[PDB]
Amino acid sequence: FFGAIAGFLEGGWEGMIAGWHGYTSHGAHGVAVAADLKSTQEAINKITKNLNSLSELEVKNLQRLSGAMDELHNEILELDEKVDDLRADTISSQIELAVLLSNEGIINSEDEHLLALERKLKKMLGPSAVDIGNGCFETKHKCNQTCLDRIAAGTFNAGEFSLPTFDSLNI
């Protein structure tokens, strides 16, 4: 919903093979595509942790009553069957809810990955690039596939195009 309202590109890039999200460059080279591995790994780890959490749930076994005998205690055994059934029903619903919320979380965070990737791109491009607001930046220089690959790797330096750069704090 965020991207839809904000005018983010609603389509996707088949070229993006090595990952889930990343960058595209648009110029005289046509169109280059590079996956960002950091963002992809982050998503994968969240999902993995999410899987672990769902797998940690433990519920009591449902077994026979030790004292209720067939024929002699049929009425009791009918109620016992009812208890088993309602238990299976209730825990099932609770699990479906847990899985539902997990999936809601995963799908929703996509636009947040883009927003984060946009911050990473902004710093690397330097103060000479212009922010359009739709997840795209306008640059003074050409960026072919080779240039994009260094952006995705975080090694891109605007100084190589004789453009100003932001320095990183020594921490």
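Residue numbers run from 1 along the displayed sequence.
A summary of the deposited B-factors shows that, of 136-144 and 107-115, the stretch with the larger mean C-alpha value is 136-144. Checked against the record, the higher mean CA B factor of 59-67 and 127-135 lies with 127-135.
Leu121 sits in the middle third of its chain by CA B factor, as recorded in the PDB entry. In the deposited entry, the Cα temperature factor of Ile44 sits in the middle third of values across the chain's modelled residues.
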